[PDB]
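> Next comes model20.cif, mmCIF, C-alpha atoms:
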```cif
data_input
#
loop_
_atom_site.group_PDB
_atom_site.id
_atom_site.type_symbol
_atom_site.label_atom_id
_atom_site.label_comp_id
_atom_site.auth_asym_id
_atom_site.auth_seq_id
_atom_site.Cartn_x
_atom_site.Cartn_y
_atom_site.Cartn_z
ATOM 1 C CA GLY A 1 -40.072 -123.709 -99.972
ATOM 2 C CA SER A 2 -38.585 -125.157 -96.793
ATOM 3 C CA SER A 3 -39.380 -123.003 -93.759
ATOM 4 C CA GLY A 4 -40.134 -119.461 -92.638
ATOM 5 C CA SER A 5 -40.670 -118.928 -88.917
ATOM 6 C CA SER A 6 -42.514 -115.698 -88.124
ATOM 7 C CA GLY A 7 -43.916 -114.449 -84.831
ATOM 8 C CA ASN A 8 -42.665 -114.393 -81.245
ATOM 9 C CA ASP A 9 -40.268 -116.714 -79.419
ATOM 10 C CA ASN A 10 -38.743 -116.506 -75.940
ATOM 11 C CA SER A 11 -35.706 -118.449 -77.155
ATOM 12 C CA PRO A 12 -32.447 -118.061 -75.187
ATOM 13 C CA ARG A 13 -30.097 -115.362 -76.475
ATOM 14 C CA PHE A 14 -26.652 -114.387 -75.189
ATOM 15 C CA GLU A 15 -25.703 -110.758 -74.553
ATOM 16 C CA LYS A 16 -22.724 -110.863 -76.917
ATOM 17 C CA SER A 17 -22.660 -112.909 -80.123
ATOM 18 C CA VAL A 18 -18.934 -113.567 -79.730
ATOM 19 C CA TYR A 19 -17.647 -113.441 -76.155
ATOM 20 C CA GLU A 20 -14.102 -112.094 -76.435
ATOM 21 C CA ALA A 21 -11.859 -112.298 -73.371
ATOM 22 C CA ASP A 22 -8.151 -112.466 -72.539
ATOM 23 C CA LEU A 23 -6.907 -115.552 -70.693
ATOM 24 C CA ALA A 24 -3.456 -115.511 -69.095
ATOM 25 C CA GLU A 25 -1.626 -118.652 -70.212
ATOM 26 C CA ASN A 26 -0.444 -118.739 -66.596
ATOM 27 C CA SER A 27 -4.037 -119.351 -65.506
ATOM 28 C CA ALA A 28 -4.400 -122.031 -62.832
ATOM 29 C CA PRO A 29 -6.545 -125.139 -63.458
ATOM 30 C CA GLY A 30 -9.343 -123.314 -61.664
ATOM 31 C CA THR A 31 -9.091 -119.693 -62.772
ATOM 32 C CA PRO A 32 -12.328 -117.856 -63.658
ATOM 33 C CA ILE A 33 -12.436 -116.716 -67.284
ATOM 34 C CA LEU A 34 -15.885 -115.212 -67.840
ATOM 35 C CA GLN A 35 -19.631 -115.733 -67.437
ATOM 36 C CA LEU A 36 -22.256 -116.521 -70.075
ATOM 37 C CA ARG A 37 -25.421 -114.477 -69.554
ATOM 38 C CA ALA A 38 -28.761 -115.500 -71.059
ATOM 39 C CA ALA A 39 -30.776 -112.290 -70.742
ATOM 40 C CA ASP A 40 -34.407 -113.251 -71.338
ATOM 41 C CA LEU A 41 -35.784 -109.725 -70.962
ATOM 42 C CA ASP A 42 -38.262 -111.173 -68.466
ATOM 43 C CA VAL A 43 -36.866 -109.373 -65.420
ATOM 44 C CA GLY A 44 -36.211 -112.858 -64.080
ATOM 45 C CA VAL A 45 -37.237 -116.236 -65.476
ATOM 46 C CA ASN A 46 -37.984 -119.574 -63.814
ATOM 47 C CA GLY A 47 -34.339 -120.532 -64.242
ATOM 48 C CA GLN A 48 -34.827 -122.616 -67.376
ATOM 49 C CA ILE A 49 -31.559 -121.760 -69.123
ATOM 50 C CA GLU A 50 -28.410 -123.882 -68.905
ATOM 51 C CA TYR A 51 -24.947 -123.537 -70.441
ATOM 52 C CA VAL A 52 -23.293 -126.498 -72.162
ATOM 53 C CA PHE A 53 -20.528 -127.071 -74.708
ATOM 54 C CA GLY A 54 -21.702 -126.646 -78.289
ATOM 55 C CA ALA A 55 -18.931 -126.876 -80.873
ATOM 56 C CA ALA A 56 -15.698 -127.508 -78.971
ATOM 57 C CA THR A 57 -12.731 -129.873 -79.229
ATOM 58 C CA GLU A 58 -11.599 -132.777 -77.050
ATOM 59 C CA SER A 59 -8.691 -130.701 -75.743
ATOM 60 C CA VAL A 60 -10.937 -127.726 -74.985
ATOM 61 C CA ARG A 61 -13.495 -129.682 -72.963
ATOM 62 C CA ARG A 62 -10.713 -131.084 -70.780
ATOM 63 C CA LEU A 63 -8.651 -127.889 -70.642
ATOM 64 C CA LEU A 64 -11.606 -125.716 -69.634
ATOM 65 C CA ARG A 65 -14.606 -126.217 -67.351
ATOM 66 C CA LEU A 66 -18.052 -124.621 -67.585
ATOM 67 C CA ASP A 67 -20.804 -124.729 -64.961
ATOM 68 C CA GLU A 68 -24.283 -125.483 -66.302
ATOM 69 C CA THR A 69 -25.959 -124.698 -62.979
ATOM 70 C CA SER A 70 -24.484 -121.194 -62.858
ATOM 71 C CA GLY A 71 -23.104 -120.718 -66.356
ATOM 72 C CA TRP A 72 -19.662 -119.646 -65.167
ATOM 73 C CA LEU A 73 -16.697 -120.421 -67.422
ATOM 74 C CA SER A 74 -13.315 -121.147 -65.840
ATOM 75 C CA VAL A 75 -10.138 -123.183 -66.314
ATOM 76 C CA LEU A 76 -9.777 -126.878 -65.489
ATOM 77 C CA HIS A 77 -6.186 -127.731 -66.413
ATOM 78 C CA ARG A 78 -2.944 -125.773 -66.772
ATOM 79 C CA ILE A 79 -2.632 -123.748 -69.976
ATOM 80 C CA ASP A 80 0.545 -123.493 -72.052
ATOM 81 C CA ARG A 81 0.472 -120.727 -74.661
ATOM 82 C CA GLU A 82 2.858 -123.037 -76.517
ATOM 83 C CA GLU A 83 0.278 -125.793 -76.977
ATOM 84 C CA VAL A 84 -2.262 -123.117 -77.901
ATOM 85 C CA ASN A 85 -1.910 -119.457 -78.877
ATOM 86 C CA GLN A 86 -5.656 -118.806 -78.990
ATOM 87 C CA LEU A 87 -8.636 -121.031 -78.191
ATOM 88 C CA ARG A 88 -11.966 -120.847 -80.019
ATOM 89 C CA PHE A 89 -15.125 -122.745 -79.077
ATOM 90 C CA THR A 90 -18.901 -122.333 -78.863
ATOM 91 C CA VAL A 91 -21.467 -122.672 -76.078
ATOM 92 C CA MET A 92 -25.105 -123.753 -76.325
ATOM 93 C CA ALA A 93 -28.063 -122.651 -74.202
ATOM 94 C CA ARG A 94 -31.163 -124.830 -73.876
ATOM 95 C CA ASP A 95 -34.518 -123.352 -72.862
ATOM 96 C CA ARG A 96 -37.593 -125.085 -74.277
ATOM 97 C CA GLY A 97 -38.320 -127.614 -77.008
ATOM 98 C CA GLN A 98 -37.310 -131.138 -77.991
ATOM 99 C CA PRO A 99 -34.776 -130.562 -79.058
ATOM 100 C CA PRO A 100 -34.931 -127.275 -77.104
ATOM 101 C CA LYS A 101 -34.092 -124.009 -78.865
ATOM 102 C CA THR A 102 -30.323 -124.091 -78.365
ATOM 103 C CA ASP A 103 -28.465 -120.841 -79.031
ATOM 104 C CA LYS A 104 -24.796 -120.843 -80.035
ATOM 105 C CA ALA A 105 -22.342 -118.168 -78.900
ATOM 106 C CA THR A 106 -18.734 -117.949 -80.084
ATOM 107 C CA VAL A 107 -16.125 -117.508 -77.352
ATOM 108 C CA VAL A 108 -12.749 -116.072 -78.351
ATOM 109 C CA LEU A 109 -10.018 -116.386 -75.722
ATOM 110 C CA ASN A 110 -6.723 -114.590 -76.348
ATOM 111 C CA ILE A 111 -3.939 -116.560 -74.667
ATOM 112 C CA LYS A 112 -2.081 -113.690 -72.999
ATOM 113 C CA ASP A 113 1.145 -113.879 -70.993
ATOM 114 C CA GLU A 114 1.851 -112.646 -67.463
ATOM 115 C CA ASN A 115 5.609 -113.190 -67.669
ATOM 116 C CA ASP A 116 5.706 -110.924 -70.722
ATOM 117 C CA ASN A 117 4.358 -107.989 -68.713
ATOM 118 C CA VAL A 118 6.042 -104.672 -69.505
ATOM 119 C CA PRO A 119 8.161 -103.333 -66.614
#
```
Can you present the structure in this file as structure tokens?

Amino acid sequence: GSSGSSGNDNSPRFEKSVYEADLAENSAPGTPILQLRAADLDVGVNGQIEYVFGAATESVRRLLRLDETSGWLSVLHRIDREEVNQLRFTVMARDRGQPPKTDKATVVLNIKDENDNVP
């Protein structure tokens, strides 16, 4: 046929397939959203797992910032629920291989509102 991998692989895998979190539209250009874990089930690896942008837009890469050295996802520029009611992108995680086994993980962010907080 075409392919049929079978065996064992220490490829990078995120805890949650689709990271769902609520982001307050009134989130500063440097507000922490969430963190992308890469559990390797090795009780601690040699730190060979980074976090980069997989399938995102040009307005998402400039509106949000993600650290590859730590893997922490936060805001980069002001967010206006008006311009966006709900963002949706994907993050990749390289480990080993050329190209390295990159794992994709959907990240749903619900643009909430702080001003619309019930009294």
> Just say which residues the PyMOL selection byres ((chain A and resi 49-65) around 6) picks in this file, as a PyMOL selection string.
chain A and resi 47-48+66+68+71+74-77+89-95
> Output C-alpha atoms for every residue in that selection, as a compact mmCIF listing (two decimals), in the coordinates of the input.

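Contents of again38.txt, as written:
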```
# COMPACT_ATOMS: atom_id res chain seq x y z
CA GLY A 47 -34.34 -120.53 -64.24
CA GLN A 48 -34.83 -122.62 -67.38
CA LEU A 66 -18.05 -124.62 -67.58
CA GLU A 68 -24.28 -125.48 -66.30
CA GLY A 71 -23.10 -120.72 -66.36
CA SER A 74 -13.32 -121.15 -65.84
CA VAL A 75 -10.14 -123.18 -66.31
CA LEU A 76 -9.78 -126.88 -65.49
CA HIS A 77 -6.19 -127.73 -66.41
CA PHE A 89 -15.12 -122.74 -79.08
CA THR A 90 -18.90 -122.33 -78.86
CA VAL A 91 -21.47 -122.67 -76.08
CA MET A 92 -25.10 -123.75 -76.32
CA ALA A 93 -28.06 -122.65 -74.20
CA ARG A 94 -31.16 -124.83 -73.88
CA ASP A 95 -34.52 -123.35 -72.86
```
> Measuring atom to atom with all atoms listed in the file, identify which of A:2, A:17, A:27, A:46 is nearest to residue 96 in chain A.
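Ranking A:2, A:17, A:27, A:46 by distance to residue 96 in chain A, first place goes to A:46.
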> Within 9 Å of (-27.3, -115.8, -73.4) (coordinates as in the file), grab all the protein and nucleic acid residues, counting only C-alpha atoms, and write them out as a PyMOL selection string.
chain A and resi 12-17+36-40+49+51+92-93+103-105
> Any idea what the distance is between CA of residue 73 in chain A and CA of residue 108 in chain A?
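CA of residue 108 in chain A lies 12.4 Å from CA of residue 73 in chain A.
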> In terms of the shortest atom-to-atom distance over all atoms listed in the file, which of A:109, A:30, A:67, A:41 is closest to residue 84 in chain A?
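Under the stated criterion, the closest residue is A:109.
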> I need the residue nearest residue 20 in chain A from this list: A:86, A:70, A:115, A:5. Use all atoms listed in the file for the distance.
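Between A:86, A:70, A:115, A:5, the residue approaching residue 20 in chain A most closely is A:86.
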> Compare A:88, A:79, A:118, A:97 by their minimum atom-to-atom distance to residue 28 in chain A, counting all atoms listed in the file, and give me the closest one.
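Answer, going by the shortest atom-to-atom distance: A:79.
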> Taking the file as shown, find all residues satisfying the PyMOL selection byres ((chain A and resi 21) around 10) and write them as number ranges by chain.
A: 18-20, 22-24, 33-34, 107-112
> With distances taken over all atoms listed in the file, which residue among A:10, A:117, A:78, A:1 lies nearest residue 26 in chain A?
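Once distances to residue 26 in chain A are computed over all atoms listed in the file, the minimum belongs to A:78.
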> To one decimal place, how far is CA of residue 9 in chain A from CA of residue 101 in chain A in Å?
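Going from CA of residue 9 in chain A over to CA of residue 101 in chain A, I get 9.6 Å.
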> One decimal, in Å: what's the spacing between CA of residue 72 in chain A and CA of residue 8 in chain A?
28.6 Å
> Using all atoms of range 86-104 of chain A that appear in the file, construct an axis-aligned enclosing box with 3 Å of padding on every side and provide its centre coordinates and edge lengths in Å, rounded to one decimal, as AutoDock Vina command-line options.

```
--center_x -22.0 --center_y -125.0 --center_z -76.4 --size_x 38.7 --size_y 18.3 --size_z 13.2
```
> Check the smallest atom-to-atom distance from each of A:35, A:3, A:25, A:44 to residue 80 in chain A using all atoms listed in the file, then report the winner.
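Smallest distance to residue 80 in chain A is found for A:25.
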